[PDB]
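Residue numbers (the entry's author numbering), protein chains in the order written: chain A, -1 to 346; chain B, -1 to 346; chain B', -1 to 346; chain A', -1 to 346; chain A'', -1 to 346. A prime marks a further copy of an entry chain.
C-beta: ideal position from N, C-alpha, C; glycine also.
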Amino acid sequence: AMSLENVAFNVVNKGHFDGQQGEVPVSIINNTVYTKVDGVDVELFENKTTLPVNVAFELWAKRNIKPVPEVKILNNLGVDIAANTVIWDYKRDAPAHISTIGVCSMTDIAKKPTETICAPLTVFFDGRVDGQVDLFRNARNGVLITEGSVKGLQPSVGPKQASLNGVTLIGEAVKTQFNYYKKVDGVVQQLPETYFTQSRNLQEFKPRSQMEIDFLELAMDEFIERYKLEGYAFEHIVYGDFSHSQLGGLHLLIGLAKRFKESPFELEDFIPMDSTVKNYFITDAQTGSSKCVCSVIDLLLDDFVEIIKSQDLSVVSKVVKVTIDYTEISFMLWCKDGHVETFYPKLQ
Amino acid sequence: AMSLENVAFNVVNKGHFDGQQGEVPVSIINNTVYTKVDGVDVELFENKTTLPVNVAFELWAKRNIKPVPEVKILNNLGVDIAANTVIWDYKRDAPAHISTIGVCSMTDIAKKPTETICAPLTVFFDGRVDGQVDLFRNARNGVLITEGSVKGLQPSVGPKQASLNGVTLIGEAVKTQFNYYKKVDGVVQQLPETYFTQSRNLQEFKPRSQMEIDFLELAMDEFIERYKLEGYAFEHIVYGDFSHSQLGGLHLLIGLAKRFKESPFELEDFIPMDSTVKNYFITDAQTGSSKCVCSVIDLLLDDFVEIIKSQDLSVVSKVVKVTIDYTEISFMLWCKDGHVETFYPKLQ
Amino acid sequence: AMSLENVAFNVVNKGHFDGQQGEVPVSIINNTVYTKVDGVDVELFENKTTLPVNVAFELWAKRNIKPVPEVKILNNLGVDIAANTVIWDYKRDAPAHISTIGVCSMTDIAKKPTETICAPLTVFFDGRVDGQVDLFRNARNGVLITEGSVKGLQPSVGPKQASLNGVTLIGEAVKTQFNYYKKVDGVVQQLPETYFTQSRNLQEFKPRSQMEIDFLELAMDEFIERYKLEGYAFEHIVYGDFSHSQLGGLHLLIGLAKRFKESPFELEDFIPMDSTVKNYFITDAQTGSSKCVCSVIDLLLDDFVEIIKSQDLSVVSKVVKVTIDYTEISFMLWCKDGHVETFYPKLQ
Amino acid sequence: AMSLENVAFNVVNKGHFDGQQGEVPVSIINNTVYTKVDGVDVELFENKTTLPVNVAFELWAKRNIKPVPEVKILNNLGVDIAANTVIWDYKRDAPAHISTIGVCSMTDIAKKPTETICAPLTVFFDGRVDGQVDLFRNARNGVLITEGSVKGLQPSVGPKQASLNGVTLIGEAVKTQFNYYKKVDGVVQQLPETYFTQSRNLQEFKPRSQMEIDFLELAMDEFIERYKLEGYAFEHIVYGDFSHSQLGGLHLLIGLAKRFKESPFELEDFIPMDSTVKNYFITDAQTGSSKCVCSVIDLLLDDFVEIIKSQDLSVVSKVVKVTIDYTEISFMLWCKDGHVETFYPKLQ
Amino acid sequence: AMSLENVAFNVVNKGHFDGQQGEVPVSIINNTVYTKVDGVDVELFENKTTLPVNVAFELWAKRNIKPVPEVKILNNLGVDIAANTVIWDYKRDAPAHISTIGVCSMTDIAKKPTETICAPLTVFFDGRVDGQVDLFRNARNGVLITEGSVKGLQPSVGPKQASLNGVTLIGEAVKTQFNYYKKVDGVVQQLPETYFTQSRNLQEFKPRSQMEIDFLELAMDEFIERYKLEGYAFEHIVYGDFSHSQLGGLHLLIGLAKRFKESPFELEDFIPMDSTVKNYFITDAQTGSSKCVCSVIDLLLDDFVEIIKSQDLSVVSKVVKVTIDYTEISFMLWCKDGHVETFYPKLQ
Ligand SMILES: Cc1nc2c([nH]1)CC[C@@H](N)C2
Ligand SMILES: Cc1nc2c([nH]1)CC[C@@H](N)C2
């Protein structure tokens, strides 16, 4: 017996939608939901979505509050809709998927993922919810996450991290590393071997290996010496070159993190969404070196070193395809005289 | 068990709020309420009020659908709020009263008119609803309407017309003429002797007396001759003078109705509300004669003739006070040599 | 001493801005201005302009309430701005000019038209306002209207009609026919010989000549016979042809007026503005004949007959230029075997 | 002589409303007030309230800029309206009270608190303003704050801190500790003995006692040993338990402050208002331990220790009522074998 | 061939408008521009301007991405419009100028600065763009910036810093120090000798001289002793006095930076725009000392010392005019017994 006043009651009393009975007085003014708390209006939600304010309010209240795969993973795996949940995209302040299944009467295309409208869509199934592994077995298309083994299904160990209420973390009290499964046209698909992005921030960047500790602590020329990275253009690619008007390289998040402690810079996130590779309009405050489209990827430094060291440096230019987060990322490799000139996530 | 989805269900299925159980999917976009009817959005209500869209939607759905006193009457009688109903003001497209009693959780100041918050307010009571005559008897301040007699209380016969769903009419299938009662500070008032405005339209003006039939049918100088109105400036006051740049007189609706069949004109309702006297910015299309503030009152022609013929014509200018719709209307009487120059509802 | 509350006071009490002192409480919600009248909000103005709501409110309140030249005339004469007034465009529900001179602090580019910012702009001067004839004499660029003669300047007799509060009319109580003057770069221009559009409505179309009375009263083939219009394609041009899917001709308002009494039709005003020639997407309800762009002009039938009869009918197609409302109107003349096929205001 | 343009002049020149004469050009676009500063619009205020934009602008400009009681105190004391001032709620970006007295023509219910409409409302009086102690003596309901003694009135020493322009602080240059007085139905009410919340932030938490310094500096088991807190479940209640999926305890702000220096966490303020007890949807970033409704109170650690040590630990479960900020806060005390299991601010 | 979908394509692919061909699907909802990225809407721009959302989107995309003069400089130099570029004001989130020249069809007043509409306007010319020095030579009014010498034109060395994408910086990889030129009425104007503001932040304030290092490191009385500033009221002016309810002095940014490390305070930027002198409503959190209008200027401490030491201290009060950023800043100098009492940027 769904209602705006019941959704608001659940938000106010339970912190989110919890199936409780009750109603609070609500007022809707433009794109904001308010509730009366002893005579005055208190803001409950500001709609930042392209959906009607009361509809977005309901989807946000009904968001999955368990650790869930990051939106970039779900997108790279071709997920269209989730089964009986809402994956809230905290990067966009909006639902990650346009439609719902058994969540909200306004956005629902079906009450159950077994209805024929869902057959051509890649439905997201959560093995931690009763009956969802079975629902995935009947689904023509879908992506399944489990905490353990599913008899007969060959698993794909996903990233260590998951999003819990907008917080990307590697769980200690909760499990965040799932097994992944995919189905395309009724056939289970073998998920490729892949690297995973680390999902770290610039403000709170922490090294996750000895190489990463040595990169952040050592000087440029001695880190390169220690790790035998001569001829691999890490000075340009990872460290970044701030000597010319156009900023050179700076494509690994760890190199942006190292620069960040010395001097600050602006990263304009002109397409604010979750993705494996992020494009930024970067302006370095110290030097004034800038770049309109600077592709940045957060790979573990060891993974990036393994990728670049596994390439043939005999051709002037070529497209190098690397599977990261289940998606094929094209990198442009530019070589001269048997050494790397530049290696960057290719701008389409 | 109030909710936006239940109110919308009632609107869609019952034409208005009828206490039925059920919910329809609703979407709110800016100031409009929509409902999904087979995949597409159908508009249910556009908010023209200063209240939040969902709150105004609820008050409109919960409007009184029985013939009720016109807002101008309720306002002239000093009504602040209604007991367990919403008097919808169709002239303003808004609730006639700011707050409610037992109607809507957002606007309610009390669930019952007996709660002390209502004591200082003039509560509107409807004798056609069970218990409201007794609630009025116990209330400190209030206005009561009944279809018949009330033991002990001396009645005041109200206007013949009432508003039914925005349509002002003299009922044939329904009673529209009520008895009026008013209590201030616990004391049953003796309501004054009063004329009533006729609440007619310009497009569908109908005469309600032989004098009114003769006014609309006869030529100016012969109507005045028949009714001995020489020296009362009806040529200026009622007929209107369109010979100069500023339109002369034209203060009685019947005279606007007579002009309307011959030639059209614009009446700019710059304060769109229900009131005993209406101010219009009038532009005559035929002649181009115009007036920024032309006060217009709809009195029965016989009543207006009785008012003007009961005045002393010996002073240049004076304020004439007439009780119309229970309120004191000031008129400006302008005389010269024992004859009327003009007589108009005072602009104050 | 300008203010939102003072402008609202003037609207409420004087019908428009009248320089009176006082303030009323105002509330602004989105694009609507409201005022509190005894506890409740009453709508004073809905902004339909691209200007801020309070700024448009002020310009509308400060509109010229005397008969003024129609916007199409002012536009055809190249008027940019008005001197110390606001010409309200009732067709667009907006000010006719972007900026003001001595009207509103937000839109003013100058307090007086003598300030150098006004020198390159064609300032509209009203000879009925003291000093404006002299201001025009000293202005580099301007358009002047007078009711009578101006010493030295040779007049151009304007159209008989003017707009008074949005009502286009030929004044009887007020003068609406002005003398026109125009100065470009300091030189008093000789305005061209011109026809004038009649500015009539379809709902209340009135004939302004014996030919126009005969057109509306007589049958097609006998009006053409009486006025010797054989070979001039009036059957197609003025009467209109509703026999095919694309509606033929119907370019003179009088012919639309004649059809309107027999059967109704939709005129979609897809560019709602005042102009000499109007484009309509017309759908005939009776036959279903329609046309996406049907140019319609309101010329006096005698003027249109004089124009078409003064053309050479020897070429297949040519552009015929006619001065209407001071502007050059291109028409397309299409002939075959020495007779007109069609003649329509050119779609360019 | 109140106006939008005068309020804006005061904001621009005086930083707030200061009763000065003058006007600046203002433009209102949706919910934002702008002023023209040399050709361009500069934003003066963005409306985050449920009031009309120009009305909220005026109330914000007319906000009390002297140290005033925090909104939670005023709410706990039952304050409805303030006398001749606006208490701006910086937590909600809105006026703390719906209506005003002698502040703004749109929100005013009276010009003076002596008018009968104010009698049933708890009016806030400021003894630092001339005549307000007298006004409180005549008020049927009210809350009075003074800097010193009022003859005959028994005082209540309030919290040390007050809000000055949104900044909660313990004054050094200004007095922030007031005497409190309350009247209910014409009778002065004895304010209960109470603890006061400390109103500290997580980002800038500072200890206000030796116990608080020892809590932040010492290790868990040695702080408990020093202060003889064995059996009082401080490990769960104050320190917090991050070992399970549902976060255990963590109900004192000081314990959140201690965790904050080690590792970060998200506190979703789903009811953003000022209150004695705050509810947060907490997600710990390090462990992934989370809780939908985690009640957090900022008591001085010594005060919290005194409360928990003054309870009988012989019953399985009971409601413990503690007066904090003048309000009775219910705490749920859970005991087993003569020791505390948990003690939390009870979720209604 | 300008379009909303092409501007959005350029934003998405090039980080800004780069003249590329292509279109992306766009959706406009209220004041926000969105683009569809694999089924979902991703926000591209939120309009904070008084221009229509699609028009502001285009101007922002077409912003100058090279280091440009800070808006305060352009304003102080009387710049009205820029030639064939948009100077984005990052302080206001809006275009610095109302109209454009050859940028956007909606805001353009001309396609080239040579058109007569531009003659009376001060056009901003960028010597780094081909043909703009010539355009400045033909311009009746204008401001020119160059990186080097212009034959015959006497230069004015501008500030060391420029804004690059909102980041004020002293360029190392790019040139930020320009030569300035101005023309008024066809005549080149000699730009006065001027000091320049340093454009530093409170959060990241860095000293730019030994005196500034000594000010931040030394104690008050010993800095004054070292620099012989006895009798110059630096204790009040630069250090600030927090002992009374009204905060004393604190008019140099460096003194606010020194206080900021010890204790925090609120600076309410009630006129959020870029200007030489900034007015703040300051509330000191530690003491509670506050000031409604506290003028703050960021001069190099040596420059401020040179200004105050170059004044005659013999008069009680006088206006001291100092050229800063090309504008004449009035300072109020107050002296007693041959010593400074106070010296502040004069509030008009
Ligand atoms: C408004 C008004 N003023 C006057 C009239 N009407 C008519 C008679 C005159 N003495 C003066
Ligand atoms: C638009 C238009 N095109 C034509 C006509 N009208 C009529 C005569 C034909 N020759 C061609």
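Using a C-beta to C-beta distance shorter than 9 Å, which residues of chain A' count as neighbours of A'':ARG257?
Residue mapping note: residue 257 of chain A'' aligns to position 259 of the fifth sequence, counting from 1. Near A'':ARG257 there are no residues of chain A' at all, since even the closest Cβ is about 14 Å away, more than 9 Å.
Check whether the Cβ atoms of B':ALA81 and B':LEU133 lie closer than 8 Å to each other.
Translated into positions along the third sequence, residue 81 of chain B' becomes position 83. Translated into positions along the third sequence, residue 133 of chain B' becomes position 135. In contact: B':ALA81 and B':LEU133 (Cβ atoms closer than 8 Å).
Roughly how many angstroms separate the alpha carbons of A':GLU266 and A':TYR278, rounded to a whole number?
To locate residue 266 of chain A', count along the fourth sequence from 1; it is residue 268. To locate residue 278 of chain A', count along the fourth sequence from 1; it is residue 280. Cα to Cα, A':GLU266 sits roughly 5 Å from A':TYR278.
Taking the straight line between their C-alpha atoms, what separation do you get for A'':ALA59 and A'':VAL165?
Position 61 of the fifth sequence, counted from the first residue, corresponds to residue 59 of chain A''. Position 167 of the fifth sequence, counted from the first residue, corresponds to residue 165 of chain A''. Cα to Cα, the separation comes out at about 17 Å.
Express the C-alpha separation of A'':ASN139 and A'':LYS158 in angstroms, rounding to a whole number.
As a working note, residue 158 of chain A'' is residue 160 in the fifth sequence. As a working note, residue 139 of chain A'' is residue 141 in the fifth sequence. Rounded to the nearest angstrom, the two C-alpha atoms are 25 Å apart.
Mark B':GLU41 as exposed unless 16 or more other C-beta atoms lie within 10 angstroms of its C-beta, in which case mark it buried.
Mapped onto the third sequence, residue 41 of chain B' falls at position 43. Result: buried.
If the cut-off is 7 Å on Cβ atoms, which residues from the segment 55 to 84 of chain A count as contacting chain B, listed in chain order?
none
With C-beta atoms as the reference, is B:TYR193 less than 8 Å away from B:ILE143?
Numbered from 1 along the second sequence, position 195 holds the residue referred to as residue 193 of chain B. Numbered from 1 along the second sequence, position 145 holds the residue referred to as residue 143 of chain B. Cβ atoms of B:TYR193 and B:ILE143: not closer than 8 Å.
Note down, in chain order, every chain A' residue with its Cβ under 9 Å from the Cβ of A'':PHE279.
The sequence position of residue 279 of chain A'' within the fifth sequence is 281, counting from 1. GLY13, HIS14, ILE63, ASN163, listed in chain order.
Just mark A:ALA217 as buried or exposed, buried being the case when its beta carbon has 16 or more other beta carbons within 10 Å.
In the first sequence, residue 217 of chain A corresponds to position 219, counting from 1. Flag for A:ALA217 reads exposed.
When you compare each of B':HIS337, B':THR340, B':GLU326, B':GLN201 to B':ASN74 by their alpha carbons, which one comes out closest?
In the third sequence, residue 74 of chain B' corresponds to position 76, counting from 1. Measuring from the Cα of B':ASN74, the nearest candidate turns out to be B':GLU326.
According to a CB-to-CB cut-off of less than 7 Å, which residues of the segment 31 to 42 of chain A neighbour chain A'?
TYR32, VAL35, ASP36, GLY37, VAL38, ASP39, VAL40, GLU41
Taking Cβ positions only, does A':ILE27 come closer than 8 Å to chain A''?
Mapped onto the fourth sequence, residue 27 of chain A' falls at position 29. At least one chain A'' Cβ lies under 8 Å of A':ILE27.
Ligand 2 and B':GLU339: does any heavy atom of the ligand fall closer than 7 Å to the residue's C-beta?
To locate residue 339 of chain B', count along the third sequence from 1; it is residue 341. At least one heavy atom of ligand 2 is nearer than 7 Å to the Cβ of B':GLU339, so yes.
Rounded to whole angstroms, what is the Cα-Cα separation between A'':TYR342 and A'':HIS249?
In the fifth sequence, the residue the question calls residue 342 of chain A'' occupies position 344. In the fifth sequence, the residue the question calls residue 249 of chain A'' occupies position 251. It is roughly 6 Å from the alpha-carbon of A'':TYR342 to the alpha-carbon of A'':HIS249.
For the putative contact between B':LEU298 and B':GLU210, defined by C-beta atoms under 8 Å, what is the C-beta separation to the nearest angstrom?
Here residue 298 of chain B' refers to the residue found at position 300 when the third sequence is read from its first residue. Here residue 210 of chain B' refers to the residue found at position 212 when the third sequence is read from its first residue. Sure, about 7 Å apart at Cβ, within 8 Å.
Does the Cβ of A':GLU113 have 16 or more other Cβ atoms within 10 Å, making it buried, or fewer, making it exposed?
Locating residue 113 of chain A' in the fourth sequence gives position 115, where the first residue counts as 1. The residue in question, A':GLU113, is exposed, as its Cβ has fewer than 16 Cβ neighbours within 10 Å.
At which residues does the alpha helix (DSSP H) containing residue 364 of chain B' begin and terminate?
This structure leaves residue 364 of chain B' out entirely; chain B' is present only between -1 and 346.
For B:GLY140, report the span of its alpha helix (DSSP H) as first-last.
Locating residue 140 of chain B in the second sequence gives position 142, where the first residue counts as 1. That residue, B:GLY140, is in no alpha helix (DSSP H); its beta strand (DSSP E) goes 140 to 144.
Do the segment 168 to 184 of chain B and the segment 313 to 320 of chain B touch if we need at least three Cβ pairs shorter than 8 Å?
no
Could you have a look at B:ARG61 and say whether DSSP puts it in helix, strand or coil?
Position 63 of the second sequence holds residue 61 of chain B. In this structure, B:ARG61 counts as strand in the three-state DSSP scheme.
On the three-state DSSP scale, how would you describe A:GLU260?
Reading the first sequence from its first residue, position 262 is the one you call residue 260 of chain A. Helix.
In chain order, what residues of the same chain lie with their CB nearer than 6 Å to the CB of A:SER97, ignoring the 5 residues before and after it?
As a first step, residue 97 of chain A must be located in the first sequence, where it is residue number 99. Counting only Cβ-Cβ distances below 6 Å, and skipping sequence neighbours, we find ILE79, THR105, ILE107.
Nearest-angstrom Cα distance between A'':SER25 and B':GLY229?
The residue you call residue 25 of chain A'' lines up with position 27 of the fifth sequence. The residue you call residue 229 of chain B' lines up with position 231 of the third sequence. Using only the alpha carbons, I get a separation of about 54 Å.
Please classify A:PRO50 as buried or exposed, where buried requires at least 16 other C-beta atoms within 10 Å of its C-beta.
In the first sequence, the residue the question calls residue 50 of chain A occupies position 52. Buried: at least 16 other Cβ atoms inside 10 Å.
DSSP has A'':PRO343 in a bridge; who is on the other side?
In the fifth sequence, residue 343 of chain A'' corresponds to position 345, counting from 1. Looking at the DSSP assignment, A'':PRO343 forms a beta bridge with A'':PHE329.
Judging by CA-CA distance, which residue of A'':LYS307, A'':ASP300, A'':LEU245, A'':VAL275 is the nearest neighbour of A'':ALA283?
On the fifth sequence, residue 283 of chain A'' is found 285 positions in, with the first residue counted as 1. Of A'':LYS307, A'':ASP300, A'':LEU245, A'':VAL275, the residue nearest in Cα terms is A'':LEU245.
The beta strand (DSSP E) that contains A'':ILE322, what's its start and end?
Within the fifth sequence, numbered from 1, the residue matching residue 322 of chain A'' stands at position 324. First-last of the beta strand (DSSP E) with A'':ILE322: 315 to 322.
Any residues in the segment 285 to 300 of chain A' with a beta carbon nearer than 7 Å to a beta carbon of chain A? Which ones, in chain order?
Of all residues in the segment 285 to 300 of chain A', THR285, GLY286, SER287, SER288, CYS290, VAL291 have a Cβ within less than 7 Å of some Cβ in chain A.
Taking 8 Å as the CB-CB cut-off, is A':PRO50 touching chain B'?
The sequence position of residue 50 of chain A' within the fourth sequence is 52, counting from 1. For A':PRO50, the answer is yes, since a Cβ of chain B' falls inside 8 Å of its Cβ.
Give, in chain order, every unbroken run of the alpha helix (DSSP H) that is at least 4 residues long and sits entirely within the segment 23 to 89 of chain B.
51 to 59, 69 to 74
Taking a Cβ distance cut-off of 7 Å, strictly less, list which residues of the segment 149 to 181 of chain A' are near chain A'', in chain order.
Only those residues of the segment 149 to 181 of chain A' whose C-beta falls short of 7 Å from the nearest C-beta of chain A'' are listed: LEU162, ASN163, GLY164, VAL165, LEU167, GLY169, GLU170, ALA171, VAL172, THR174.
Using a Cβ-Cβ cutoff of 9 Å, what residues of the segment 188 to 211 of chain A'' are near chain A'? List them in chain order.
So the list is empty, because no residue satisfies the distance condition.
Is the closest heavy atom of ligand 4 to the C-beta of B':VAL314 under 7 Å?
Although ligand 4 was asked about, the structure shown includes only ligand 1 and ligand 2 as ligands.
Beta-carbon within less than 8 Å of A'':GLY13's beta-carbon, same chain only, minus the 5 sequence neighbours each way: which residues are those?
The residue given as residue 13 of chain A'' occupies position 15 in the fifth sequence. Counting only Cβ-Cβ distances below 8 Å, and skipping sequence neighbours, we find nothing.
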